[PDB]
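Protein chains in written order, with the deposited numbering: chain B, 61 to 110; chain C, 27 to 338; chain U, 161 to 210; chain W, 24 to 83, 85 to 182; chain F, 72 to 294; chain E, 1 to 139.
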Amino acid sequence: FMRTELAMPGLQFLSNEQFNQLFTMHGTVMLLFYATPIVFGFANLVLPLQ
Amino acid sequence: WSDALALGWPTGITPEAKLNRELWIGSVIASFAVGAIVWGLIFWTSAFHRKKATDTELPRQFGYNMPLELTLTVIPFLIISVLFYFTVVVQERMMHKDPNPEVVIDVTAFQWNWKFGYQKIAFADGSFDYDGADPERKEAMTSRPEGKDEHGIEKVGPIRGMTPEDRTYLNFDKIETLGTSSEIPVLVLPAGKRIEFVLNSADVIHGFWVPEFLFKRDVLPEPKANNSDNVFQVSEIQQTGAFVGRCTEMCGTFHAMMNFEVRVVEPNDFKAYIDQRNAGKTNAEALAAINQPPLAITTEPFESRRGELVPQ
Amino acid sequence: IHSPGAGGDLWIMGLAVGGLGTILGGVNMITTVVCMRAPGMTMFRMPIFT
Amino acid sequence: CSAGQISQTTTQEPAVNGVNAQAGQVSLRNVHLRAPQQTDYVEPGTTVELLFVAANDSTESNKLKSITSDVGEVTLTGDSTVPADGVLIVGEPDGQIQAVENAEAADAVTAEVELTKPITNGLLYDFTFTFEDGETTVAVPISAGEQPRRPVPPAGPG
Amino acid sequence: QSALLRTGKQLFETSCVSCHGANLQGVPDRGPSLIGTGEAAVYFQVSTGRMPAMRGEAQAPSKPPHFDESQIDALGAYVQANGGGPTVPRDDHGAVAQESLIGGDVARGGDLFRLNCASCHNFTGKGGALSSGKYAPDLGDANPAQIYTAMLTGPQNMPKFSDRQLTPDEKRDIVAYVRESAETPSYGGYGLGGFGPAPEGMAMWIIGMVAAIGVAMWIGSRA
Amino acid sequence: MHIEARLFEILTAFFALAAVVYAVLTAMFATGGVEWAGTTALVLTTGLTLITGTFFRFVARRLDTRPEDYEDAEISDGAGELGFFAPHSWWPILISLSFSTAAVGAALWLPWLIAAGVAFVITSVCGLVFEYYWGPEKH
Ligand SMILES: CC(C)=CCC/C(C)=C/CC/C(C)=C/CC/C(C)=C/CC/C(C)=C\CC/C(C)=C/CC/C(C)=C/CC/C(C)=C/CC/C(C)=C/CC1=C(C)C(=O)c2ccccc2C1=O
Ligand SMILES: CCCCCCCCCCCCCCCC(=O)O[C@H](COC(=O)CCCCCCC[C@@H](C)CCCCCCCCC)COP(=O)(O)O[C@H]1[C@H](O)[C@H](O)[C@H](O)[C@@H](O)[C@@H]1O
Ligand code: HEC
Ligand code: HEC
Ligand SMILES: *C[C@@H](COC(=O)CCCCCCCCCCCCCCC)OC(=O)CCCCCCCC[C@@H](C)CCCCCCCC
Ligand SMILES: *C(=O)CCCCCCCCCCCCCCC
Ligand SMILES: [Cu+2]
Ligand SMILES: [Cu+2]
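As structure tokens, this is what we get:
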């Protein structure tokens, strides 16, 4: 959604605050809800095995 | 070749910007050399395929090369130490803090636009008997004799005896080039002079960044109380003309709509502009009078409409 | 004062809840390595990932 | 996505009686009529005031305010060419603060209309505000700015 | 006042010109024009802290005030001078009147509140939900001056109750009822919010039914 | 547990050095003297590592070399009764749900929901802790 909006100079389909929420939650989700929880996902996966 | 190798760094317009660009070119050259050698190593060890001629015999199975490890952990330290020395010498000219600025601009950045005060002007050649106002810096000391209770509390104030709604840290000036949502502010500066910027934020943190200054600073609400050196100087601005400037820290929803301009004009043009602003006139009127486009030519105050598909 | 909405608050508490799970997960992996190990796996022979 | 491009808060008119007419370079704000009426209509031949604020949008100015007259013969006493990246406050809307309390160009461009036609509160009456840039019909209302209730007679049950 | 107007303009310039130009004309599609809104509207909004709004959404939420009493007065005076409109009530000294706004009659205030206010807020001043993302805030936090100015001006989706529609006496009575309902202790135990059926059913199903089921598990056997 | 303790001892040494140098170079050469945020954080992460390493060192000195910590140890040496490891349990999800209720109560400032979530957290933690100690029903 950020990419589609940023492809053109105008605000085609997003609003200023809707875009602002996107990188907050994208940055949040990807880091804290995908990247940090999956180190313990891999740890739980193989660390006892290893 | 330099422009392409700069990776889209604008050619600076100040001595500090030029020096920073040179440091960036050097550091990018070093980084590309390191990347080239490492990518060569990777694409050359990719030539160590499992050759079908490899019989039932596993590789050398060595690992554990102490001298090679020592060499490749010594050289990176040398590289980064050279880069650090260059960084420090360049940093030294990040804020020389010359106690004799040629023009001082009070840059106060509120929610979603800018305002420029022209706190003081003192040309080295001798001119501009001008100064900032500061009658309007009125405090908000909540030092009432008594509060809700009957006696005893005599509350002074939450923070250092004052209230968060203080705004005393802000400074105000006679000539204010306030930027409206439909009128991009154009701070006009004399060419060839030393320009100091005293940076402040009315409401929230955001960031003053003139991309062609090759330098940004974060206008914070109360930099003095936050141990932030908001005020920063620029030794000179060689090239004239209009240079875009942008907001480079989170301001709120309209963080992308805080663009401004820093129009560098000749010292005589600045004389005329400041005289005509002392006379009752707006920034656009003064620009037109000094025969320079009134509206920001590098950017527009684009639509206040929430977007394209909104029904007007 | 700025960003007064509920979404901002839910974000703050959502990280606090998720943060605790990350902290507790760190206690398991660090305690697992320190305590639970094979009879011959010394600390300098456990794999690099562990 | 209640904070998208079509947002309630952003798409709001001011909670004021006067209408808004952005047509033309100069934008009209809180344009209403002060026409205190004691009965069904404000009878023709009685002068009532036309309050509004003309705010200039472009600083490059449209300070003329040529005629701004319609059915009612609106006359602009103390007319002046104020709007230049600024405001022109024709009259004194109820509650207006006397920011000066002195005769600055006498009245501040007060617009008054001799009706020549009955008007009453609750109706909309077209007024053509014409600056040198252009002309715009505004459909001004009647506003009882700060006047309290007029005592309705007590009712005798029947 | 001259200096008050100057201070109000100063604060306006560095607070809200991004949403209503220096002329107070509304910025198209960011904020409405402040011409005619009035000192009362400015006081209500800024004192409640609602207005220095940092997002465009269904409803601008309330939040801690961004200006003290003197600065709020400066903003209100500046906006009144620019546009001219309703003025916040004030007492003999000059400060915003709050105790004076407590109407003597409270049954009349309650009847008026139920006819007009409870429509969307609640029986006893709690909040209520509105069409799409909007809501009526709970009145417990509003002081008498804020309640009176909230009636006097329609902030957003609240009908604007002019003085002719609700004369200052009726508005004072409504303020008195609001304060009484907010500060009145709940007779007959903890008042579960103010909403009866939903909080009460939840409290039943949790407290009473967990107690009953746990006591049944204690008395009886598992098999 | 010699290496286990030494890891934290090394970390403590590094963090103590970092805290000291930060405090000195911030008390002098900073805009407003000691930063008091980075300084305190560095001091108390030094404390984190110091506590953990001190406990590990106490344990290492109190313990004879384990098969785990002993090079050249056969599997039979460590073979024996491993301790209790909790089998299947559905109390963790209830604890997480109760803490989520308390968290949403804190976010949406709902004191009633905060109280309910805290009560549920107490109940769920009690269930988890008592899971393997609750005796048979006595009828
Ligand atoms: C319900 C059932 C067993 C049906 C059998 C299948 C059948 C013959 C269906 C034909 C009828 C049809 C068409 C049914 C579909 C919909 C339906 C049930 C309509 C009729 C509704 C009716 C008259 C009776 C249903 C009553 C019923 C069995 C409710 C669930 C009761 C149970 C097992 C509760 C769990 C026990 C327990 C510890 C409860 C307390 C814990 C909490 C908080 C549970 C969640 C919770 C509940 C359960 C509330 O009721 C509630 C009410 C108001 C506010 C909040 C809550 C709330 O949070
Ligand atoms: C066996 C029965 C056991 C029952 C327990 C009884 C609890 C006793 C509570 C304390 C004594 C009685 C208080 C009576 C006086 C009183 O009413 O208490 C209010 C407080 O109220 C709150 O805030 C809540 C505070 C949180 C603690 C209480 C929460 C208990 C809940 C959890 C019990 C029900 C179970 C529900 C489970 C939910 C989970 C579902 C899964 C306090 O004033 P205040 O805080 O200012 O209320 C505002 C006005 O002012 C203002 O105008 C008004 O406008 C409002 O803003 C108002 O809040
Ligand atoms: C929907 C119709 C509506 C009715 C009629 C109405 N209100 Fe409201 N009220 C609202 C809405 C919507 C808001 C939100 C305004 C805002 O946030 O700017 C509000 C806000 C308020 C506030 C602000 C509270 C705070 O803490 O910010 C008060 C006080 C208030 N109303 C009291 C009253 C009183 C007194 C009446 C007397 C009849 C009344 N209301 C009638 C809907 C209504
Ligand atoms: C875009 C962000 C925004 C900023 C920042 C902002 N406003 Fe507003 N203003 C709005 C919006 C949107 C409304 C109508 C919806 C609402 O009030 O929630 C409004 C309405 C108002 C109203 C009520 C109008 C009426 O008719 O009831 C007043 C008074 C007001 N603003 C004054 C101010 C003052 C004073 C400030 C500076 C302290 C300010 N505003 C800052 C956007 C803003
Ligand atoms: C503004 C428009 C544009 O955005 C979109 O259209 C994206 C919508 C994505 C689809 C969302 C569906 C709702 C979630 C369903 C989850 C399963 C529920 C069944 C089980 C109980 O759209 C909008 O109007 C709003 C867009 C924002 C939507 C946010 C959704 C946030 C999800 C959150 C409530 C958590 C979901 C729980 C998932 C549980 C499954 C794992 C256990
Ligand atoms: C409404 O007011 C908020 C609009 C938010 C705009 C951005 C859209 C985010 C959607 C991401 C996916 C949500 C979670 C998906 C769960 C299945
Ligand atoms: Cu910015
Ligand atoms: Cu900003």
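Positions of the beta carbon are idealized from the N, C-alpha and C atoms, including for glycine.
Quiz prompt | Nearest neighbour of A79/E, chosen from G47/E, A16/E, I10/E and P67/E [CA to CA] | solution = Considering only alpha carbons, the answer is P67/E.
Quiz item: Taking DSSP as the reference, what is the three-state secondary structure of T45/E?
Solution: Correct three-state label for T45/E: helix.
Self-check item: Neighbour-count burial assignment, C126/E, 16 or more Cβ in a 10 Å radius
Solution: The residue is exposed, with fewer than 16 neighbouring Cβ atoms inside 10 Å.
Quiz prompt | Cβ pair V246/F, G147/F closer than 9 Å | solution = No; because the gap between Cβ atoms is not below 9 Å, this pair is not in contact.
Quiz item: Does DSSP put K141/C in a helix, in a strand, or in coil?
Solution: DSSP places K141/C in strand when its eight states are reduced to three.
Quiz item: Between the segment 124-136 of chain F and the segment 66-75 of chain W, do three or more beta carbon pairs fall short of 8 Å?
Solution: Because the criterion of three Cβ pairs below 8 Å is not met, the segment 124-136 of chain F and the segment 66-75 of chain W do not touch.
Quiz item: How about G97/F and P37/W: do their beta carbons lie closer than 9 Å?
Solution: Result yes, Cβ atoms of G97/F and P37/W sit closer than 9 Å.
Practice problem: Say whether chain U places a C-beta atom closer than 9 Å to the C-beta of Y132/E. | Solution: Taking Cβ atoms only, chain U never reaches closer than 9 Å to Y132/E, which makes this a no.
Exercise. Measure the beta-carbon distance from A102/E to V118/E and round it to whole angstroms, keeping in mind my assumption that it falls under 8 Å.
Key: With a Cβ gap of about 5 Å, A102/E and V118/E count as contacting.
Exercise. Just the C-alpha distance for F142/C and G183/C, rounded to the nearest angstrom, thanks.
Key: Going from the Cα of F142/C to the Cα of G183/C covers about 30 Å.
Exercise. Name the two residues that bound the continuous beta strand (DSSP E) containing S153/C.
Key: Segment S153 to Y156, the beta strand (DSSP E) holding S153/C.
Quiz item: Under the criterion of a Cβ to heavy atom distance below 8 Å, does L201/F qualify as lining ligand 3?
Solution: Result yes, Cβ under 8 Å from ligand 3.
Exercise. Would you mind working out which of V249/F, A294/F, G175/F and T238/F sits nearest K197/F, comparing C-alpha positions?
Key: Nearest option by C-alpha distance: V249/F.
Quiz item: Mapping DSSP to helix, strand and coil, what is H139/E?
Solution: In the three-state reduction of the DSSP assignment, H139/E falls in the coil class.
Quiz item: If you check the beta carbons only, do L7/E and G47/E fall under 9 Å apart?
Solution: Cβ distance not < 9 Å, so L7/E and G47/E don't count as in contact.
Practice problem: Please list the partners that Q72/B has in chain C, where partner means a Cβ-to-Cβ separation under 9 Å. | Solution: By Cβ distance, chain C contributes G333, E334 and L335.
Quiz item: Which first and last residues belong to the alpha helix (DSSP H) in which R186/C is found?
Solution: Premise fails: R186/C is in no alpha helix (DSSP H) and is neither H nor E.
Quiz item: Who are the near neighbours of residue 15/W in its chain, counting only those whose CB is closer than 6 Å to its CB and skipping five residues on each side?
Solution: Look at the range of chain W in this structure, 24 to 182, and you will see that residue 15/W is not part of it.
Exercise. Output the residue ranges of the beta strand (DSSP E) runs that lie fully inside the segment 194-249 of chain C and measure 3 residues or longer, sorted by chain position.
Key: Entirely contained in the segment 194-249 of chain C, the beta strand (DSSP E) runs reaching 3 residues are, in chain order, 212-216, 221-227, 232-236 and 241-245.
Exercise. Identify every residue that forms a DSSP beta bridge with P165/W.
Key: Partner residues in the beta bridge of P165/W, as assigned by DSSP, are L148/W.
Quiz item: Residues of chain W with CB under 7 Å from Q96/F, in chain order?
Solution: Under the 7 Å cutoff, chain W gives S50, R52 and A78.
Quiz item: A268/C lies in the beta strand (DSSP E); which residues open and close that run?
Solution: Run containing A268/C: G267 to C273, per the beta strand (DSSP E) assignment.
Quiz item: What does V113/F pair with, by DSSP beta-bridge criteria?
Solution: Secondary-structure assignment with DSSP links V113/F through no beta bridge to anything.
Quiz item: Does any residue of chain U bring its CB to less than 9 Å from the CB of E254/F?
Solution: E254/F is outside the set of residues whose beta carbon lies under 9 Å from a beta carbon in chain U.
Exercise. Decide if the segment 106-113 of chain C is in contact with the segment 49-56 of chain C; the criterion is three or more beta carbon pairs, one per stretch, under 8 Å apart.
Key: Touching, per the Cβ criterion.
Self-check item: Cβ contact check for the segment 193-205 of chain U and the segment 73-88 of chain F: 3 or more pairs under 8 Å
Solution: The segment 193-205 of chain U vs the segment 73-88 of chain F: no contact.
Quiz item: Whose Cβ in chain B lies nearer than 7 Å to the Cβ of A127/W?
Solution: Ordered by position in chain B, no residue passes the 7 Å Cβ test against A127/W, which lies about 47 Å from the chain.
Self-check item: Stretch-stretch touch, CB-based, cutoff 8 Å, three pairs: the segment 323-336 of chain C with the segment 265-274 of chain C
Solution: As far as the Cβ criterion goes, the segment 323-336 of chain C touches the segment 265-274 of chain C, which means the pair count is three or higher.
Practice problem: Return the chain-ordered list of same chain residues with a C-beta closer than 6 Å to the C-beta of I106/F, the five sequence neighbours on each side being excluded. | Solution: For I106/F, where only same-chain residues beyond five positions count, the Cβ hits under 6 Å are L95 and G154.
Practice problem: Write down the C-beta distance between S208/C and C90/F rounded to the nearest angstrom, noting that I regard them as a contact closer than 8 Å. | Solution: The beta carbons of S208/C and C90/F sit about 11 Å from each other, so the pair does not count as a contact at 8 Å.
Quiz item: If the cut is a Cβ gap below 8 Å, which residues of chain E does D255/C touch?
Solution: Correct list: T31.
Quiz prompt | Runs of alpha helix (DSSP H) lying entirely within the segment 228-285 of chain F, each at least 4 residues, in chain order | solution = You should have 239-254 and 268-274.
Exercise. Confirm the yes/no value for this check: CB of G27/W, any heavy atom of ligand 5, distance under 8 Å.
Key: In this structure, the C-beta of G27/W approaches ligand 5 to less than 8 Å from one of its heavy atoms.
Exercise. Please classify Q171/W: is it buried, with 16 or more other beta-carbons within 10 angstroms of its beta-carbon, or exposed?
Key: Under the 10 Å beta carbon count, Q171/W is surrounded by fewer than 16 other beta carbons and is classified as exposed.
Practice problem: Out of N214/F, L237/F and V113/F, point me to the one whose CA is closest to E170/F's CA. | Solution: The option with the nearest alpha carbon to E170/F is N214/F.
Quiz item: First and last residue of the alpha helix (DSSP H) that includes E4/E?
Solution: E4/E: member of the alpha helix (DSSP H) spanning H2 to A27, first to last residue.
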